Structure formats: structure tokens, C-alpha cells
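Enquirer: Before we start, here is the structure in question, set down as C-alpha cells.
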Amino acid sequence: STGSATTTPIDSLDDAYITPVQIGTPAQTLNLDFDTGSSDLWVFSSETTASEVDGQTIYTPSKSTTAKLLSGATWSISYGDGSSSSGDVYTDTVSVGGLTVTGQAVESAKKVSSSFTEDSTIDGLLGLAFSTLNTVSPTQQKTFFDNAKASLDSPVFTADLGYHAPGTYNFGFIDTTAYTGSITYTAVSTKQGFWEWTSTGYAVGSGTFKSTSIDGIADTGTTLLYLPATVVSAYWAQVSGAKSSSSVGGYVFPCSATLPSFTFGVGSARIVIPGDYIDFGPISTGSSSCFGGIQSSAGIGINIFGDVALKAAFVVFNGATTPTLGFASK
Ligand SMILES: NCc1ccc(C(F)(F)F)cc1
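In terms of the deposited numbering, the sequence shown opens at residue 1 and continues consecutively.
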């Protein structure tokens with residue numbers, strides 16, 4: 001079996017991507033943020049605290065004839081950005097573009113943090129990292145990809161995120177028309193539960209490729225590219241007027257600048273992120289100072305190849321016996 005769904009940026013800045021998901025019987029469509037950096041499928045629901053719901057579409061388990069309360073199960077997650085959500089669990093039918101899973105754990109939110117309330121376009125998350133990170137207690141649950149993997153034509157899923165444009169999430173197959181050249185595969189470590197790999201280095205614009213091992217995760221749920229401070233300082237040093245602002249919380253640059261591109265290595269292959277992808281607009285409404293898309297990972301603990309980097313490539317998340325990551329230019 002296969003699944004194919006269109007993913008859309010939530011705003012003009014590509015702050016996040018949403019993808020329609022059908023839950024329950026009859027189908028209740030929720031626009032979820034597919035997240036390769038987490039492993040909980042959670043949604044805004046009829047149980048969410050009234051004041052914490054602001055325009056999102058909710059899941060009403062009592063209206064699904066196939067929804068079953070998972071006895072004594074609760075979930076609670078805190079993301080790298082300081083955001084969080086928690087609640088109870090149901091098992092229900094979940095479909096993504098024609099691919100269906102019955103008995104999928106659907107984590108119903110009782111509470112969500114301010115940033116989730118503020119994003120009215122995000123109805124919840126669909127975790128695509130390894131099921132070892134799932135927060136359901138006392139009995140851990142599997143991801144949608146984990147539940148479907150055996151039935152797929154090929155145990156893979158691809159992320160083809162668009163820059164200011166619609167894109168695609170495919171399950172079970174590789175669309176050979178969705179990329180140029182070849183897919184270069186690289187080794188993955190599942191020790192921290194993430195699609196963790198090692199980049200072979202970087203270049204800034206037309207500069208010399210610096211060969212250096214950058215360990216990081218492929219994370220569709222994180223907007224920006226987070227890299228070591230030495231790497232990030234070398235990039236912003238090429239932009240006139242760019243500086244690291246402690247008030248803003250990262251590198252800012254004059255909005256009139258034309259940013260150089262950023263290249264990251266995948267084995268001997270190279271993925272080029274065009275400079276325009278690194279522009280995240282004014283720091284505040286009306287400001288002539290813009291926020292950067294490449295930031296330091298020094299206070300994070302790990303490097304994150306977020307949407308800024310992933311949207312420059314066709315990305316294969318290979319769930320074979322030994323998982324690997326594939327990257328191709330597009
Ligand atoms: N990395 C997961 C994630 C995704 C979205 C959000 C936000 F912005 F919706 F709150 C927070 C955390």
C-alpha cells in the first residue's frame with residue numbers, strides 16, 4: 001500500500017507545514033504538523049481547555065464509532081522550543097492520503113501551551129521519529145509510520161517540502177520524478193530516537209567546501225537550520241551588517257541584503273540551500289532588521305537540519321532493518 005498527501009506552509013515565512021489527516025469514523029480531517037523530530041500523534045480535541053483553543057479544528061472522540069479509550073493511558077510532551085501538550089489516549093482509524101492504519105494511538109489534548117494556541121493553522125502533530133520517544137504512559141505507543149511500515153510497498157516515507165509553495169509527503173514509495181540526479185544515502189543512528197546523521201561539511205555561497213563532521217537530526221518539525229557556532233559565524237560573516245542579537249535571540253541581518261546560499265554535504269553529494277530560504281522577514285512588524293534562518297545550536301545540545309535545510313532537498317526516511325536517510329537535489 002501507499003499514501004500521498006500535500007503539505008502546505010502555514011504562512012508566508014514557511015514557519016511550519018500542515019498536511020490533512022483523516023481520523024475516526026466518519027472521517028474528521030485535521031491539519032497536522034508532520035514531525036520527524038518527535039513520535040507522538042497528538043491533536044486538539046473536544047477535551048482541550050476552552051481558553052486554550054483558538055480557531056483550531058478539534059477531534060471529538062465521542063463522534064467516532066471506531067474510537068476506543070485506551071484505559072489508563074496519558075501522554076505529556078515538552079519540545080525543544082519550550083512548548084508542550086498533554087492529555088489522554090484513544091485508538092482510532094487514521095488515514096493519510098489513501099494510506100490507512102486502524103487502531104492508531106491518537107493522543108487527545110487536555111492542555112496545550114501558548115504557542116500551540118497561537119498557531120490556529122496547526123491542529124496537532126504527527127510524529128515520524130522512532131517510536132522509542134513516544135510519551136504514552138504506562139504503555140508506550142507506535143508512530144503512524146511504524147504501524148503502516150509492514151503494509152507499505154517499500155518501508156519508507158519521503159518529505160518534499162516546498163519553499164513558499166505546496167509540497168508532498170509520500171508513504172511506501174519513491175517518486176523518481178520529484179528530484180534531479182541521484183539519492184545519496186547516509187548512515188542513521190537511532191540511539192537518541194531521532195533520524196540522526198552526520199553531514200560531511202559545508203560551504204557558504206561560492207566559498208570553499210569545508211570538510212567537517214556535523215552530527216545532527218533531520219527534523220521537519222523545526223523551522224530553522226541549527227548548526228555549530230563556528231559554522232553559523234562563518235555564514236553570517238558573509239552578510240554585511242549581520243550580527244548576533246541577544247535581545248532578538250539570534251542572528252539578524254538588514255532586510256535589504258541578498259543572502260548567500262548555504263551548502264551542506266551528504267557523503268560526497270551536496271545540497272544547496274538558496275539564500276532566499278534563509279530570510280525569515282522582519283524581527284518585528286515594520287522593522288528593517290530581519291531574522292536569520294541559520295542559527296547557532298550552542299544552547300540546544302544537538303544540530304538540527306530543520307525545514308530551512310530539508311526544503312532544499314527531496315528527503316527519504318528509510319525505515320528498512322537498518323534505517324538510513326536519503327537526500328537528493330530537486
Ligand atoms: N518541533 C515540534 C513543534 C512544532 C510546532 C510548534 C509550534 F510552533 F506550533 F508551537 C512547536 C513544536
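From the three backbone atoms N, C-alpha and C, an ideal C-beta is built for every residue, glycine too.
Which class does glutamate 47 belong to by DSSP, given the choice of helix, strand or coil?
Expert: Translated into positions along the sequence shown, residue 47 becomes position 47. DSSP places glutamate 47 in coil when its eight states are reduced to three.
Enquirer: Are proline 228 and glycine 241 touching if we call contact CB-CB under 9 Å?
Expert: Mapped onto the sequence shown, residue 228 falls at position 228. Mapped onto the sequence shown, residue 241 falls at position 241. No, the Cβ-Cβ distance between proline 228 and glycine 241 is not below 9 Å.
Enquirer: I need the DSSP call for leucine 41, collapsed to helix, strand or coil.
Expert: As a working mapping, residue 41 is identified with position 41 in the sequence shown. DSSP places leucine 41 in strand when its eight states are reduced to three.
Enquirer: Can you list, in chain order, the residues of its chain with a C-beta nearer than 7 Å to that of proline 20? Leave out the 5 residues immediately preceding and following it.
Expert: Stepping through the sequence shown from its first residue, residue 20 is reached at position 20. Excluding residues within five positions, the ones whose Cβ falls inside 7 Å are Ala5, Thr29 and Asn31.
Enquirer: Less than 8 Å between the CB atoms is what I'm expecting for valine 204 and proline 260, so what's the real figure, rounded?
Expert: The residue given as residue 204 occupies position 204 in the sequence shown. The residue given as residue 260 occupies position 260 in the sequence shown. With a Cβ gap of about 6 Å, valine 204 and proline 260 count as contacting.
Enquirer: Please give me, in chain order, every unbroken run of the beta strand (DSSP E) with length at least 3 that falls completely inside the segment 169-248.
Expert: With a minimum length of 3 residues, the continuous beta strand (DSSP E) runs that stay inside the segment 169-248 are 184-187, 196-204, 210-218, 225-227 and 243-245.
Enquirer: Whether or not the segment 44-55 and the segment 188-201 are in contact is what I'm after, with contact meaning three or more pairs of Cβ atoms, one per stretch, closer than 8 Å; do they touch?
Expert: At 8 Å Cβ cutoff, the stretches do not touch.
Enquirer: Restricting to Cα atoms, I'd like to know which of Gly326, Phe317, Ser12 and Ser1 is closest to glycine 162.
Expert: Against the sequence shown, residue 162 aligns to sequence position 162. Here the closest residue by C-alpha is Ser12.
Enquirer: Is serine 38 buried or exposed, if buried means 16 or more other CB atoms sit within 10 Å of its CB?
Expert: Counting from one through the sequence shown, the residue named residue 38 turns up at place 38. By the neighbour-count rule (16 or more Cβ atoms within 10 Å), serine 38 is buried.
Enquirer: With DSSP run on the structure shown, which of helix, strand or coil describes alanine 67?
Expert: As a position in the sequence shown, residue 67 is number 67, starting the count at 1. Three-state DSSP puts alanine 67 in coil, outside helix and strand.
Enquirer: If we count Cβ pairs, one from each stretch, closer than 8 Å, do we get three or more for the segment 277-286 versus the segment 144-156?
Expert: With a cut-off of 8 Å, the segment 144-156 and the segment 277-286 do not count as touching, because too few Cβ pairs lie within range.
Enquirer: Can you check which of these residues, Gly207, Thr7, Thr60 and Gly80, is closest to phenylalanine 262 by C-alpha distance?
Expert: As a first step, residue 262 is located in the sequence shown; it is residue number 262 there, counting from the start. With distances taken between Cα atoms, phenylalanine 262 lies closest to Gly207.
Enquirer: What residues are listed by DSSP as bridge partners for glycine 80?
Expert: In the sequence shown, residue 80 corresponds to position 80, counting from 1. Note: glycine 80 sits in no beta bridge, so no partner.
Enquirer: Nearest to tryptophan 42 by CA position, among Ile304, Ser78, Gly72 and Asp14, is which residue?
Expert: Within the sequence shown, the letter at position 42 stands for residue 42. It is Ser78.
Enquirer: Can you look up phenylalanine 291 in the DSSP assignment and give me helix, strand or coil?
Expert: Taking the first residue of the sequence shown as 1, we reach residue 291 at position 291. Strand, per DSSP.
Enquirer: Compute the Euclidean distance between the alpha carbons of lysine 142 and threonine 132, then round it to the nearest angstrom.
Expert: Locating residue 142 in the sequence shown gives position 142, where the first residue counts as 1. Locating residue 132 in the sequence shown gives position 132, where the first residue counts as 1. Rounded to whole angstroms, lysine 142 to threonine 132 spans 8 Å at the Cα level.
Enquirer: Roughly how many angstroms separate the alpha carbons of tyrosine 226 and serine 289, rounded to a whole number?
Expert: Here residue 226 is taken as the residue at index 226 of the sequence shown, counted from 1. Here residue 289 is taken as the residue at index 289 of the sequence shown, counted from 1. For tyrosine 226 and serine 289, the distance between alpha carbons rounds to 20 Å.
Enquirer: Taking the continuous beta strand (DSSP E) assigned at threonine 117, which residues delimit it?
Expert: By 1-based counting over the sequence shown, the position of residue 117 is 117. Not the beta strand (DSSP E): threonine 117 falls in the alpha helix (DSSP H), residues 114-118.
Enquirer: Can you check which of these residues, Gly97, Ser329, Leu310 and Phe116, is closest to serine 182 by C-alpha distance?
Expert: Residue numbering aside, residue 182 sits at position 182 when the sequence shown is read from its first letter. Nearest option by C-alpha distance: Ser329.
Enquirer: Taking the beta carbon of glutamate 107 as the centre, do at least 16 other beta carbons fall within 10 Å, making it buried, or is it exposed?
Expert: Along the sequence shown, one-based indexing puts residue 107 at 107. It counts as buried.
Enquirer: For ligand 1, is there any heavy atom lying closer than 8 Å to the beta carbon of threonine 135?
Expert: Walking along the sequence shown from the start, residue 135 turns up at place 135. Every heavy atom of ligand 1 is 8 Å or more from the Cβ of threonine 135, so no.
Enquirer: Three-state secondary structure (DSSP) at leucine 32?
Expert: Counting from 1 along the sequence shown, the entry for residue 32 is found at position 32. Strand at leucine 32.
Enquirer: Mind reading off the beta-carbon distance from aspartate 123 to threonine 60? Whole number of angstroms is fine, and I expect it under 8 Å.
Expert: For this step, residue 123 is matched to residue 123 along the sequence shown. For this step, residue 60 is matched to residue 60 along the sequence shown. Contact doesn't hold; Cβ gap of about 12 Å is too wide.
Enquirer: Does DSSP put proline 138 in a helix, a strand or coil?
Expert: For the purposes of this step, residue 138 is identified with residue 138 of the sequence shown, where counting begins at 1. In the structure shown, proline 138 sits in coil (DSSP, three-state: anything other than H, G, I, E or B).
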